[PDB]
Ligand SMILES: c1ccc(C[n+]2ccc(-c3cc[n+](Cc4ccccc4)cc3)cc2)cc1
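One chain follows as structure tokens, the form deposited without the ligand.
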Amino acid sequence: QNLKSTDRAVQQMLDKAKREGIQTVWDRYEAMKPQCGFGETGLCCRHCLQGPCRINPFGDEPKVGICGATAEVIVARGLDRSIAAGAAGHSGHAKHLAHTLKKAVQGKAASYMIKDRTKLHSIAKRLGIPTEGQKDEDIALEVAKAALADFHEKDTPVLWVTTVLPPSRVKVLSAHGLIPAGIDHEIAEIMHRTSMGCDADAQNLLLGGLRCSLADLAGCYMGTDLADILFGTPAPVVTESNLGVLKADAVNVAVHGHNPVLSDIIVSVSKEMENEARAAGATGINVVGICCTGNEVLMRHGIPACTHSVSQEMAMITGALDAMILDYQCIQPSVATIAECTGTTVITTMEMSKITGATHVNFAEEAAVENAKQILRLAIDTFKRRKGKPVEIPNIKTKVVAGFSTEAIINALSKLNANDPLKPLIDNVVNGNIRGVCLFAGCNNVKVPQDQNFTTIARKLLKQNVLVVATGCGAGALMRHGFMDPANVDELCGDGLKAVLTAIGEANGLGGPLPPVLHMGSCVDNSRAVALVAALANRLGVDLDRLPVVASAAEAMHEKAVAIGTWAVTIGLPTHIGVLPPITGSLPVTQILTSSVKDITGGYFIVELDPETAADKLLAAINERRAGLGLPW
């Protein structure tokens, strides 16, 4: 089982699933081998009913699509659609919070409110929305209106791109026509230009992909902005992770998916239904996190993370998961059938994300507290039904220090320099105590032993004094392996990085250091890393493509991950991906994305499946940036 997952809790549940006959994600993968080579290389097109068309990577015919579409067009078209799909998920998430915020301050849904007034006013200022003399509800109305306005064409480009990157970066992108005109506008244009008989030039197609990836960035940043207004900007918090956070004697409720509009309410309402769970024989209601909705409520509330990504089914296999409350994205639809075996009540809540065999509860903000209690009552019902059935919770969990929003990082650094808080970080980059910055982002992928690339790469970078930050299921990986516990700083961190984490921690009154990896939140909160990196760029007076900052989608899976990796490249970052995207079928496309794009945006993809090699390549990328700034390395 260590070939399936490096996580010992997951291993334990895989043995349980095997003796019980419950098929897993790993079993379905084995049954899919060998996977289709045309798909894997990207040399397959089904964009019209003349297909499927495929192209032999090598050999004789077929060499070209029926309509004349070459390998390089086919590959670029498939990649563009995946970016557009990722953008559609992140911007749909954001759009929904915009409507939620609009409803809140119009009196429609009193369960929602402006919780972070500072953030609301700073977003308004960033957007140009007057705040002087306005009521908060009216500024917030203007911010939600502006959020919704960025989805379509208008007299301005997308403001959640042009106001969040340095003018120098916006100018670079504008010269190449890469600023998005509207978020859903770019999604649609991709689907059009990639449809049969339209765009058939690889460079033109990929320029479209870059622009649509910036539409995805805009949705990410909008989602983080709006969720912070509504639910509070994260600050440092201590909690726990992995399956051992499940409690046999409690009603265990997993919140799973991406958008926290529901599960933030679940968190608060659960705390009151406490005596009602006690009446059913439980100690209380134990909300635990799965995937990015879990990250959201861990970041803000310290809700413990149960598991992540590829291993999500394993939470159910314990026998103690009474309820799994779903919104959308990254939810294995196998969960609905596994619940038949495990007794877990699986509940969908979003109209466009249903799963056959799951109970649906039609969430509406206007009734959130009521929907919350209906769900938690179904969970209390399931806890009652497993009286006297033994459970198998692996007694395995890690301590997790999380909550490092960009505002939190700046405040933590402010304790070392009050009026210039980025300077202590830059100082230590210059002097070498911090070699660079690496953002780990993205999913697990069944093709990679779970977490093996994240932990292998992170270990090698931390030993070389790289400041490591993490979001989404990359942060999930690192937390489950102890990388967010400050007691592991001695083991994991190089001397210089240890010195910096220690200095910052001691100055924030904790007598111990910051944890080895900084948890910056969910997938949309990759926008927070952009905020930090752009603030560094502006404080230094250079563009992002001169900074010793890189990103790693070390175990990428979702179309969202492809979109993030692409806008990481587009804002100027060297960007590693540890799984093969479907591009190897075209050398010209590969060469654009890993080399030529450097001359456009300054960033580039680093495709490397071997994690020890990937780290060496990321460190060379960091050290090249150091050398370009005239720093020792």
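Residue indices: 1-based, along the sequence shown.
Keep in mind that the form solved in complex with the ligand is not shown, yet the notes after this line are about it.
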Worksheet item: Applying a 4.5 Å heavy atom distance criterion, does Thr41 contact the ligand in the deposited bound form?
Response: yes
Worksheet item: Even though the ligand is not shown here, does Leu580 get within 4.5 Å of it in the deposited bound form, heavy atoms only?
Response: yes
Discussion item. How about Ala620 - does it come within 4.5 Å of the ligand in the deposited bound form, if we only consider non-hydrogen atoms?
Written reply: no
Worksheet entry | Interface membership of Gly603, the ligand in the deposited bound form, 4.5 Å heavy atom rule | no
Item to complete: Enumerate the residues of 577-595 that have a non-hydrogen atom within 4.5 Å of the ligand in the deposited bound form, in sequence order, or give none.
Response: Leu580, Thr584, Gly585
